[PDB]
Amino acid sequence: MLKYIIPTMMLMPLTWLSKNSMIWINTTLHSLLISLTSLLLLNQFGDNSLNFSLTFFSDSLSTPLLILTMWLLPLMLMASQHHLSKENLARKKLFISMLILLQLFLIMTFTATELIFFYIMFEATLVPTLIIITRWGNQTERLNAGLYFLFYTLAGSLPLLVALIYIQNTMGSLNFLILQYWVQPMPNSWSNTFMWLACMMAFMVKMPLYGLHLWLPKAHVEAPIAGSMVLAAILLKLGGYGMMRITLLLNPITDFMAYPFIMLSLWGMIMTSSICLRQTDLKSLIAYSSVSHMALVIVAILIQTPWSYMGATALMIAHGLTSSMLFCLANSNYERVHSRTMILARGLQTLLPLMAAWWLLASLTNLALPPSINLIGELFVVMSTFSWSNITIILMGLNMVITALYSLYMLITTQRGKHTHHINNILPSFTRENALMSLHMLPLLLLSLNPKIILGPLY
Amino acid sequence: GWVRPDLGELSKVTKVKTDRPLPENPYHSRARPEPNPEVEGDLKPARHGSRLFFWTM
């Protein structure tokens, strides 16, 4: 894994001592070469995981998320011009190097053997995102958004460290195998309940669930496209990854104590899918969509079925791709018209004839189109939760109906019916935006052909 | 007779033979409780470096 750590370091002074109007080509080319080399990882077989040290090791949960990170880097590094192409050379290099450093800590975090190391690189992922969204937020409440982001994610995430130190000095080391192969049941006392609530509540903050979800939408509508897509896809699916790893301990008490979180997640999934049906501010619909789908992920993690974990990791990867792409189309329409609203930018079937295909195809991958990976994830979560109880499938299908409703309303609102005929500034679609759309969609369809990769540990 | 002692001959620390024996433990106290076991010998390089969270060797 060091063969993936060290060229991420070496790609950073590349950006500094490449000359003017040549940093772009070198960084894009070399990060795509890193993406091929990342795809060469996929070796993981059968019985064990694979160990790239006593420091690095990869479960089959971590492999598609790692390839997702090293694939979402060059897509973003191309995605983030035309709103900073007029800015300075030094600030431009600082932004690109900040994204490279954020990739580095994400690789650190996904191949974290030890949970202490996982926590350190977790909040190391947390650090540069505040700087990115605050320095290039392009709105007036970016301070409020970054500050809520910071204090929510710390003040939830912080006693997790105390619980991990306690496990460190009551059971020896914190390799995942020796945390495994040794883990003993922890009975229904109260201190065990608070340890569970500390760990699970830190990751509850990170996902988010419904009582803690206003964390998210300000940090997406008041942020640039790079921070938005990395924030949503890699940070929320990293939180889910972390909960998947740490839930191997605390086996008996989750049945006793894990009912109200299931409850808040289900009813807030319904209320969040309802709130993203009537809003303006086009960017925010995808944010509350992400809240709904990760509440579904949380229900899937806290019930403890192998069907549930396969559906959980499939839903994670598919929704990461879909929500990142749909953020990128929203930024494309915002670069067309400086609005951020929804009822203004109408028309766009007549004009921009090719963009309709990407809007429709992204809205259908959000619709749970049936050969796609999104429906595979949602379907296995529905199967596992109907095994959990015979009555909760009503909420799942009602989420399904409202999800199709708001997604297809988001389609037929902005891009259906009549241009407002006072706009007269929109240019035909560049090759860059459609290259980004083709870099989003085509891996999702090619995984829809062969999804034996993205199903996780319990394949 | 009785020659006067010169200045300063009422000095000059003096021997005398006795009959009673010289005493052990004139401070009527108990024995000494415990010595401390002294750590000696050569030392090996440490077992796996630090044995902290990580930073192995």
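Per the deposited record, cryo-EM is how this structure was determined, to a resolution of 3.9 Å.

Student: Can you explain the overall build of chain B? Please cite residues and give values.
Tutor: From N to C terminus, chain B includes zero helices and zero strands. Relative to a compact globule of 57 residues, whose C-alpha radius of gyration would be 10 Å, chain B shows 31 Å and is clearly more extended. Its C-alpha atoms put chain B at 95 × 30 × 20 Å along the principal axes. In chain B, which comprises 57 residues, the proportion classed as buried is 2%. Element-wise, carbon and sulfur atoms account for 57% of the exposed surface of chain B, whose accessible area totals about 7,300 Å². The averaged location of the 8 negative side-chain charges in chain B is 2 Å from the averaged location of its 10 positive side-chain charges.

Student: Give a detailed account of the pattern of salt bridges, specifying residues and quantitative values.
Tutor: Pairing of side chains with opposite charge becomes possible as their charged atoms draw close. Residue and element names in this part refer to chain A. Summed over the entire model, instances satisfying the criterion amount to four salt bridges over all chains. Close ionic contact of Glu 87 with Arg 91 constitutes a salt bridge, the shortest N to O distance being 3.5 Å. Among the residues examined, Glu 87 registers a relative accessible area of 23% and is labelled partly exposed. Classification of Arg 91 as partly exposed rests on a relative accessible area of 24%. When the shortest N-O distance is used, the salt bridge between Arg 432 and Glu 335 registers 3.5 Å. A residue pair is termed long-range when its members are at least 10 positions apart, and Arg 432 in helix α19 (residues 431–449) and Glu 335 in helix α15 (residues 306–336) qualify at 97 residues. Accessibility expressed as a relative area gives 15% for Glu 335, which makes it buried. Several salt bridges converge on common partners, so that one network encompasses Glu 335, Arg 432 and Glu 433.

Student: Please provide a residue-by-residue account of unusual backbone geometry, values included.
Tutor: Residues and elements named next belong to chain A. Residues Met 207 and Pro 208 are joined by a peptide bond in cis, for which omega reads -10°. With respect to the helices and strands, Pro 208 occurs in the loop between α9 (191–206) and α10 (215–221). Positive phi, normally seen in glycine, also occurs at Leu 250, with a value near 55°. Relative to the elements of secondary structure, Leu 250 occurs in the loop between α11 (225–246) and α12 (253–257).

How each quantity is defined
Residues numbered from 1 in each chain as written, not as in the entry; some residues may be left out. Chains lettered and ligands numbered in written order. Part of a larger assembly, values for the part shown. Heavy atoms only, no water. Helix = DSSP H or I, 4+ residues; strand = E, 2+ residues; numbered from the N terminus. Rg over C-alpha atoms; globule rule 2.2 N^0.38 Å. Buried < 20%, exposed > 50% of the residue type's maximum accessible area, 1.4 Å probe, protein only. Areas by Shrake-Rupley, 256 points an atom, 1.4 Å probe, with all protein chains shown as cover. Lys, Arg positive; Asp, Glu negative; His and termini not counted. Charge placed at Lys NZ, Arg CZ, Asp CG, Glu CD. Salt bridge = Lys/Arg side-chain N within 4 Å of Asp/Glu carboxyl O.

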